[PDB]
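*Asks:* coords please:
(chains A, B, C, D, E, F, G, H, I and J, ligands or ions: 16)
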Amino acid sequence: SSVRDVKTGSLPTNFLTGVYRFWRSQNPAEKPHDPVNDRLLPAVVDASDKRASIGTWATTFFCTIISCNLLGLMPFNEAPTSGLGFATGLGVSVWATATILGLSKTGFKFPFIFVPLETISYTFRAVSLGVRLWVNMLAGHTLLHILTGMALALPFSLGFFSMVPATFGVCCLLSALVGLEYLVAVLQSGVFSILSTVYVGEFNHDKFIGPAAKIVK
Amino acid sequence: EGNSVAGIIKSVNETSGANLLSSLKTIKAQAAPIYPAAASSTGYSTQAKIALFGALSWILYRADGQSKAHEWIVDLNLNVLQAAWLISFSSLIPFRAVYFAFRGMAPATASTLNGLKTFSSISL
Amino acid sequence: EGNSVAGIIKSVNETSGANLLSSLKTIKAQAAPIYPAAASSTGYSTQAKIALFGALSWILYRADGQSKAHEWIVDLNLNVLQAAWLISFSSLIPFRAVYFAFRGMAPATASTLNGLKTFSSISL
Amino acid sequence: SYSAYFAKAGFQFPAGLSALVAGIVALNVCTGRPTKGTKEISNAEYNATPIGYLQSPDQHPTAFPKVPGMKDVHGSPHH
Amino acid sequence: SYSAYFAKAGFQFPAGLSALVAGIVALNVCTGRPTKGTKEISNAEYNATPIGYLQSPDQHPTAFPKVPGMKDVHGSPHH
Amino acid sequence: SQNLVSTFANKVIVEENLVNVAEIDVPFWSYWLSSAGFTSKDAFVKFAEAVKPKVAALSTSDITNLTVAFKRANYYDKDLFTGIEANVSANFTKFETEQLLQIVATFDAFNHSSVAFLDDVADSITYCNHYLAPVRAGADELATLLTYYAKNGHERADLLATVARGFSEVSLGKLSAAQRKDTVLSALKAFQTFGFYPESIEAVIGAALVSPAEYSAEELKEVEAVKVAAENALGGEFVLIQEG
Amino acid sequence: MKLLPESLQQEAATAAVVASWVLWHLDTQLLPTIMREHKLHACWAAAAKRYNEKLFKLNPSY
Amino acid sequence: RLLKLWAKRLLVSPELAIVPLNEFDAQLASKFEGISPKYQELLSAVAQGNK
Amino acid sequence: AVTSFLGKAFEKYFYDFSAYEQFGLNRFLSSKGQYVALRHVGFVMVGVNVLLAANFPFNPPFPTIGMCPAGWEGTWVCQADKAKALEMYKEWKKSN
Amino acid sequence: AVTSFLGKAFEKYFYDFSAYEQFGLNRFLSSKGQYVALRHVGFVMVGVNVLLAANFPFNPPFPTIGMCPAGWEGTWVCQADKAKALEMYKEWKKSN
Ligand SMILES: CCCCCCCCCCCCCCCCCC(=O)O[C@@H](COC(=O)CCCCCCCCCCCCCCC)COP(=O)(O)OCCN
Ligand SMILES: CCCCCCCCCCCCCCCCCC(=O)O[C@@H](COC(=O)CCCCCCCCCCCCCCC)COP(=O)(O)OCCN
Ligand SMILES: CCCCCCCCCCCCCCCCCC(=O)O[C@@H](COC(=O)CCCCCCCCCCCCCCC)COP(=O)(O)OCCN
Ligand SMILES: CCCCCCCCCCCCCCCCCC(=O)O[C@@H](COC(=O)CCCCCCCCCCCCCCC)COP(=O)(O)OCCN
Ligand SMILES: CCCCCCCCCCCCCCCCCC(=O)O[C@@H](COC(=O)CCCCCCCCCCCCCCC)COP(=O)(O)OCCN
Ligand SMILES: CCCCCCCCCCCCCCCCCC(=O)O[C@@H](COC(=O)CCCCCCCCCCCCCCC)COP(=O)(O)OCCN
Ligand SMILES: CCCCCCCCCCCCCCCCCC(=O)O[C@@H](COC(=O)CCCCCCCCCCCCCCC)COP(=O)(O)OCCN
Ligand SMILES: CCCCCCCCCCCCCCCCCC(=O)O[C@@H](COC(=O)CCCCCCCCCCCCCCC)COP(=O)(O)OCCN
Ligand SMILES: CCCCCCCCCCCCCCCCCC(=O)O[C@@H](COC(=O)CCCCCCCCCCCCCCC)COP(=O)(O)OCCN
Ligand SMILES: CCCCCCCCCCCCO[C@@H]1O[C@H](CO)[C@@H](O[C@H]2O[C@H](CO)[C@@H](O)[C@H](O)[C@H]2O)[C@H](O)[C@H]1O
Ligand SMILES: CCCCCCCCCCCCO[C@@H]1O[C@H](CO)[C@@H](O[C@H]2O[C@H](CO)[C@@H](O)[C@H](O)[C@H]2O)[C@H](O)[C@H]1O
Ligand SMILES: CCCCCCCCCCCCO[C@@H]1O[C@H](CO)[C@@H](O[C@H]2O[C@H](CO)[C@@H](O)[C@H](O)[C@H]2O)[C@H](O)[C@H]1O
Ligand SMILES: CCCCCCCCCCCCO[C@@H]1O[C@H](CO)[C@@H](O[C@H]2O[C@H](CO)[C@@H](O)[C@H](O)[C@H]2O)[C@H](O)[C@H]1O
Ligand SMILES: CCCCCCCCCCCCO[C@@H]1O[C@H](CO)[C@@H](O[C@H]2O[C@H](CO)[C@@H](O)[C@H](O)[C@H]2O)[C@H](O)[C@H]1O
Ligand SMILES: [Zn+2]
Ligand SMILES: [Zn+2]
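*Replies:* Numbering: from 1, shown residues only, chains lettered A, B, ... in the order given. Ligands and ions are numbered 1, 2, ... in the order given. Shown next is the protein structure:
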């Protein structure tokens, strides 16, 4: 019942402010025809009510994936998004969030031979959004597992501290691969939430309920 | 707790004309905002003890599971490859520059607070 | 925090002979021991919430296990026989007499505190 | 009186009760043996077996049985 | 400054982290299925079986195996 | 056992012992009983005397729950609503526009107003609350607050600018066609009483002129009386927008 | 290697529980703190021309 | 009473001493944005404190 | 609020609301100490009959002393061996 | 005390104790940024060789590229199939 006290200007507050304002920047509100004043203020609030919380959803999905991706780079830890049901379960959840938002506009009714082909391109976003997250967390860690085994075969066979320069060159390529997996962990959390703003933002359109009556001049 | 400006007005009005100027540092300190002093040092919080023992229990649980794995020696050397980058990030990252870069991410800390000016609230 | 008798001695000595008798109730209250006032009511503690939810989780776990037992209807009616005595103990037990019987079990509460007498510590 | 001071502190557990429930739970989870009606099997057997065949009827008794001995699952019919 | 006020409060968890670890543990313990390498058996089979025959070798891998695939227990020799 | 339950039913579960449990928290219990349809004058007399020593220490949620409860029960206790209006006047910064619109509608149901209450409610909506809180209000609640200030003659032009923000095509469109008529006709009388014709009166007049078949001949006369009065105040001509 | 889990529904409900906790913790604990700190700065910066003008007209000090 | 008046203002806002009393009227204008910038940024920076 | 009312409510029930005085059991009963002995066995007898009425068509795991509940006397409810009673219940369940 | 010393101790190690200056690596190395690149791969190479030296007589689960560690070349350490290597290790273990 007693909430904690927060220091203003704390680094996690400033980081989460710039992160939230970035995903809110992805689906900006449309500028109305009329100037915004007390006449147009309820139409601006109502247009904000009909807009989905894609700014909140994308920084939910950014923070929950960049925390899960960087667990794969912590020692004694693996990434939750390297599992198939976790990473694709987030991607089908975004696709179902965009579909439910799109279906709630029309009638909750599902919309000659052209539209079965456009449906396959739409329902492939359910697969490809989560699979691109899953394969990137899997194939980078699988390649790290193979090359660590081949790097281990040199000091096992050729002495522990006997000969350095061959096991130095493979430990440099192994160390650059973990640094590449650091870059993929941040980029795939960004690509996921960029695409979630794109997919949900397709159905984030309602008509502006402007003034039906006006006293001109 | 009453507000400090009304305490300034009450203490300045109640003072004598003789000892007004000497007692101004006393009225200044009575209206100074409280800044709590540095309390006694305590080593670990209860939740800090749960967090460190819970992370130690998690590390020992994951190291025991990695050691029983099929590619067990590859798993323990992947912890060496992963912990080496945590050491290199302590060396490479400009932690003062990253602090001020994050400070410029929020508009509340990217600029100074522009509000009430002195001439608008002068009381004569 | 200084002790209150030295504050009594300091406040009585500093007062005038004219306003000594009027200010004696003020010096009495400044040396009165602090008795903290009744604070705002809060419904449940955090540990009280764990205790009641933990007892409810334990009751539901044991009632689910009793119902899946072989003699399942005998187990649930043994809870009726056991809870009936908890009701009868609220009716029969003289809770004021048991409180004073337990109070006479400890010698610290069975007698009044016999210590310092008045004539030995009179200060003239 | 000090009565309002003692009403300030709420319910509190006994002082080392977390170490008591840690020792009692660790005696029930670190048994070093399979858990009361189960048997450890190979990974080849676990992956090939459906969930309904992996369960046994004795480990799923009926919550309020109309006949003594009703089980919730029927298990593997292969004997 | 307010620096000594913020050093008074120690480490604190995030505000609803107990509900997060409650939901994650309840997804791992309330699976509705036997636990990863075990199979539910009858009460008649569990009571008659020794502990060494009740265990399986695959569920006990060696902590630091000198050969890949060493198991800690040998299980039941009866096939 | 056919009569042992019926003997227990006539003496224990009675409405009088429903009240005797309800004496502990009157703003909670009177609100939820009257929400369930228990609007009985004999019990709400006992509610009013049980809560009267507690009104001055009630929170804003408890005052709003107690005020809505005595509106649904239609019981007016003037000594109770004096302490209720003394709680709102003492804590007007803590009250919300969503709460005060329900308190004013109770104070408008039976005619009960103070000049200090009208000032502290108007100061709370205009200055102590968010300026877009009338947008979330609903036009039927804002028109009741406008009528409550027009009937008492209390001219607060800062309040009238805040309440007129809530009237729009959004908030009047959410009303029933019969309920939009009573909202439009009561807001246009309150705007003509003070002589205040804001820019958002185009939505109130335009809600009547886009569907004039609901309105009578004398009602369209007093609508276009306000329409020409707002045309002089805002300095223009009234025109209906068609989309396209 | 590990491709399919022991339960696909358990891994999806784990992702649903973690993402709904982050959605709860953002809307309830982080964004009320962020917006208290952001909009104190933002309302002061957006009012300071009109706030100082309104305060200039009010005080009779000049 | 004049000293007690200026003691209240300089206890709350001690940066008023950086403007002389005879030059105060020469800063004013009809609008607040037209007030002379000779003392604006110096008043705002002394008000922030000695640090 | 939710806890402060519930304390005030149960305090009124534990002390102030007594069904021994409101029902006037001084005419029928001698003592209050013998009322709580009858309220004890009365609580047991209700909880026995409520637990049986909450699910009456069940085969008893307790040994009935050669007696049958209602007009069943040959159904699965009255069967001695529980392996036969489980097969007889499955035929009764699909019809009902 | 136990925590306040450990904070003061690691602060001295993280900042004040630098082995780049005490060993004089400015003669051998160009930059401090290239020292921490060599200290990175130097940490990996030590942790590889320490994890192998912590238990050297083991049959590798990683595929050795047709190579043998020491003078074994026919023992259980060099065996390709792990079912044969487990039987060969049990004969080696009872002797040693
Ligand atoms: C109130 C409590 C505060 C506690 C104090 C803690 C202080 C230490 C800070 C904690 C470290 C957190 C690590 C986060 C790293 C993020 C890096 C970053 O912000 O990028 C740059 C953002 O700065 C920029 O303007 C952009 C420059 C391009 C850099 C590209 C940034 C992408 C990096 C993503 C991380 C990828 C690896 C992930 C590692 C975990 C910073 O560079 P800069 O400050 O030198 O440049 C500013 C101009 N002087
Ligand atoms: C003996 C004669 C017969 C007497 C009557 C029969 C006895 C049984 C009657 C049952 C009543 C038992 C006590 C009633 C407790 C609930 C009512 C209550 O008073 O709630 C208080 C607290 O009640 C409880 O929480 C006690 C519950 C105890 C049950 C213990 C179950 C343990 C389950 C959790 C274990 C987890 C351990 C974690 C370790 C860190 C509220 O606490 P507060 O914060 O407001 O401050 C008041 C403190 N004085
Ligand atoms: C082998 C694997 C097992 C895995 C199973 C899970 C077990 C995980 C083990 C870690 C769980 C947490 C351990 C708890 C012990 C440390 C906490 C503690 O020190 O106790 C209290 C901290 O305060 C103390 O009292 C410190 C005193 C030490 C606690 C107990 C001392 C040992 C008692 C055992 C008996 C010793 C005698 C016999 C020894 C052979 C807090 O307890 P509380 O929450 O109930 O009280 C707070 C209520 N306001
Ligand atoms: C001369 C003075 C000596 C001082 C020592 C005092 C010892 C007694 C004090 C009370 C502590 C008792 C806890 C020790 C339990 C030991 C049980 C054991 O060794 O066997 C375990 C061995 O099982 C295992 O291999 C798994 C590891 C179990 C570790 C047990 C952890 C629980 C420790 C309890 C916490 C004590 C402190 C809590 C508060 C008192 C489990 O027993 P089991 O029959 O179920 O299985 C046998 C193998 N099939
Ligand atoms: C990003 C660039 C690279 C930077 C360097 C590499 C990053 C990794 C380095 C590892 C250091 C991580 C932080 C060090 C924490 C330990 C040192 C420390 O400062 O201890 C403080 C606390 O440290 C911790 O406890 C944090 C540990 C976090 C680990 C979380 C594991 C969770 C396990 C328990 C979960 C149980 C959940 C229960 C929910 C109620 C002491 O706390 P205090 O009470 O004295 O007050 C100070 C608060 N400002
Ligand atoms: C089905 C059987 C499962 C059995 C498995 C075990 C699970 C047992 C369940 C009970 C365990 C305890 C439940 C914890 C929830 C209640 C505690 C709580 O309310 O949270 C905090 C109390 O304070 C609050 O924050 C209250 C706010 C509510 C907490 C979370 C709200 C729900 C979040 C879930 C996401 C909701 C959105 C999606 C919903 C579909 C305390 O958390 P903390 O210790 O980490 O923080 C203290 C650090 N100083
Ligand atoms: C239109 C709006 C609807 C709102 C509802 C939101 C739902 C999603 C929000 C996220 C919560 C997800 C938790 C629900 C998990 C449901 C899983 C399930 O139904 O199946 C379980 C059914 O398993 C059981 O029968 C045992 C009972 C399990 C209960 C699950 C308790 C965990 C609930 C998580 C706590 C959520 C709150 C924590 C913080 C977010 C277990 O799955 P299984 O595949 O392993 O086994 C299937 C049967 N073989
Ligand atoms: C006849 C019609 C019925 C009308 C319905 C309403 C009347 C109430 C009926 C029974 C309601 C029972 C609710 C009792 C639990 C809630 C009371 C409570 O816990 O509040 C306080 C009172 O606590 C107690 O009531 C404890 C009393 C327990 C003593 C044992 C009494 C007899 C128990 C009999 C055994 C029953 C066993 C099970 C039988 C089926 C403590 O919390 P607090 O915050 O208000 O206190 C301030 C400190 N923070
Ligand atoms: C060369 C010879 C060596 C001599 C041996 C002594 C020198 C020390 C060597 C290393 C000791 C490491 C101990 C560090 C943990 C204890 C420090 C600590 O936690 O104390 C404070 C300092 O906390 C920290 O040190 C956190 C710093 C973490 C930042 C990350 C640094 C680099 C990490 C590299 C990644 C390593 C990953 C694993 C690699 C194997 C916080 O607690 P406090 O109570 O004193 O603070 C008051 C608030 N209550
Ligand atoms: C794969 C593509 C996606 C990659 C991952 C995406 C990561 C998302 C987090 C990065 C967001 C940081 O974005 C941050 O937005 C904030 C909004 O407050 C901007 O914030 C700032 O902008 C400007 C200029 O810097 C300042 O004048 C202003 O005062 C301040 O608001 C920062 O300039 C920008 O750095
Ligand atoms: C040093 C230079 C720094 C440059 C910094 C700015 C670039 C930052 C890169 C981060 C990613 C940019 O993020 C970019 O956002 C825009 C809108 O803003 C998105 O644009 C999208 O907007 C909406 C969303 O449905 C659609 O109508 C549109 O068709 C689509 O393009 C892009 O898909 C995304 O790529
Ligand atoms: C969890 C691991 C880390 C993952 C983090 C990924 C998100 C990283 C977000 C930070 C990146 C954006 O980097 C952002 O660059 C912009 C310019 O574009 C800076 O914006 C500003 O910085 C300062 C303001 O003090 C000035 O130099 C200037 O006005 C402007 O450049 C932000 O201060 C910086 O934060
Ligand atoms: C956990 C469930 C309960 C199990 C409890 C079992 C232990 C019970 C201990 C209490 C029994 C002993 O009962 C004890 O009787 C002695 C006399 O013999 C009383 O001793 C005294 O009581 C009072 C003192 O105030 C006087 O009447 C007198 O001086 C003396 O009789 C104790 O006050 C009472 O507590
Ligand atoms: C099967 C046999 C065992 C049955 C179970 C045993 C239960 C054990 C708990 C009962 C103990 C109570 O024992 C209690 O001892 C205390 C010691 O402080 C005595 O305490 C008191 O004694 C006397 C007389 O009453 C007082 O004058 C004295 O001031 C006080 O100390 C109590 O008189 C007795 O009631
Ligand atoms: Zn791995
Ligand atoms: Zn029993």
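*Asks:* how about the strands in the chain?
*Replies:* Reading this off chain A. A:213-216 (DSSP state E).
*Asks:* nope, chain F please
*Replies:* Going by DSSP E, chain F shows strands at F:237-240.
*Asks:* what's the longest helix that chain A contains packed up against?
*Replies:* Taking DSSP state H as the criterion, chain A has its longest helix at helix A:115-157. Contacts defined by 3 or more Cβ pairs under 8 Å, 6 or more residues apart in numbering or on different chains; DSSP states H and E place helix A:115-157 against helix A:84-106, helix A:165-200, helix B:72-92, helix J:32-53. (Each C-beta comes from the backbone N, C-alpha and C, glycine too.)
*Asks:* how about these in CSV, adding mean neighbour count and distance to ligand 12?
*Replies:* Putting these into CSV (neighbours: other Cβ atoms under 10 Å in any protein chain shown; distance: least, Cβ to the nearest ligand atom, whole Å) gives the following:
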stretch, mean neighbour count, distance to ligand 12
helix A:84-106, 20, 18
helix A:165-200, 18, 5
helix B:72-92, 19, 10
helix J:32-53, 17, 19
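*Asks:* ok, now which ones touch residue F:225?
*Replies:* Residue F:225 makes contact with residue F:192 under the criterion Cβ atoms under 8 Å, 6 or more residues apart in numbering or on different chains.
*Asks:* roughly how far does the most centrally placed residue in chain B sit from chain D?
*Replies:* In chain B, the C-alpha nearest the mean C-alpha coordinate belongs to residue B:99, at 12.9 Å (Cα atoms, centre = their mean). Going from residue B:99 to chain D by Cβ to the nearest Cβ, to the nearest Å gives 38 Å.
*Asks:* after the one helix or strand that residue maps to, next one along is what?
*Replies:* In this structure, residue B:99 sits in helix B:95-103 according to DSSP states H and E. Remark: after helix B:95-103, the chain's next helix or strand is helix B:107-110, criterion DSSP H and E.
*Asks:* CA-only coordinates of that next one in PDB, if you can.
*Replies:* Output in PDB follows, covering the C-alpha atoms of helix B:107-110 (Å, rounded to 0.1, in the frame of the first residue of the first chain):
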ATOM      1  CA  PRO B 107      13.100  15.500 -22.400                       C
ATOM      2  CA  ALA B 108      12.800  16.100 -18.600                       C
ATOM      3  CA  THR B 109      16.600  15.700 -18.200                       C
ATOM      4  CA  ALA B 110      17.700  16.900 -21.700                       C
END
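*Asks:* give me the contact list for it.
*Replies:* Outside helix B:107-110, the residues touching it (Cβ under 8 Å, 6+ apart) are A:8-9, A:14, A:17, B:103-104, G:37-38, G:40-42.
*Asks:* how about those residues in JSON lines, adding neighbour count and distance to residue F:178?
*Replies:* Listed next are those as JSON lines, based on neighbours: other Cβ atoms under 10 Å in any protein chain shown; distance: Cβ to Cβ, whole Å:
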{"residue": "A:8", "neighbour count": "15", "distance to residue F:178": "51"}
{"residue": "A:9", "neighbour count": "13", "distance to residue F:178": "54"}
{"residue": "A:14", "neighbour count": "26", "distance to residue F:178": "53"}
{"residue": "A:17", "neighbour count": "24", "distance to residue F:178": "47"}
{"residue": "B:103", "neighbour count": "17", "distance to residue F:178": "57"}
{"residue": "B:104", "neighbour count": "12", "distance to residue F:178": "56"}
{"residue": "G:37", "neighbour count": "21", "distance to residue F:178": "47"}
{"residue": "G:38", "neighbour count": "20", "distance to residue F:178": "44"}
{"residue": "G:40", "neighbour count": "14", "distance to residue F:178": "45"}
{"residue": "G:41", "neighbour count": "21", "distance to residue F:178": "47"}
{"residue": "G:42", "neighbour count": "13", "distance to residue F:178": "43"}
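*Asks:* okay, now the residue in chain H that ligand 4 sits nearest to: neighbour count?
*Replies:* Of all residues in chain H, residue H:51 sits closest to ligand 4, at 52.9 Å by Cβ to the nearest ligand atom. Close neighbours of residue H:51, defined as other Cβ atoms under 10 Å in any protein chain shown, add up to 4.
*Asks:* doesn't it fall inside a helix?
*Replies:* No. Under the criterion used here (DSSP: H, G, I helix; E, B strand; the rest coil), residue H:51 is coil, not part of a helix.
*Asks:* grab the nearest non-local neighbour of residue G:1.
*Replies:* residue A:142 (6.5 Å; Cβ to Cβ, 6 or more residues apart in numbering or on different chains).
*Asks:* got the contact list for the residue positioned nearest the centre of chain H?
*Replies:* With distances taken as Cα atoms, centre = their mean, residue H:16 lies nearest the centre of chain H, 3.5 Å away. Counting by Cβ under 8 Å, 6+ apart, residue H:16 makes contact with B:118, B:122, H:9-10.
*Asks:* relative to residue B:123, how far out is it?
*Replies:* 10 Å (Cβ to Cβ, to the nearest Å).
*Asks:* with residue F:142 instead?
*Replies:* 38 Å.
*Asks:* what sits against the residue positioned nearest the centre of chain F?
*Replies:* Centroid-nearest residue in chain F, with Cα atoms, centre = their mean: residue F:105, separated by 2.7 Å. By Cβ under 8 Å, 6+ apart, the contact list for residue F:105 reads F:71, F:141, F:144-145, F:148.
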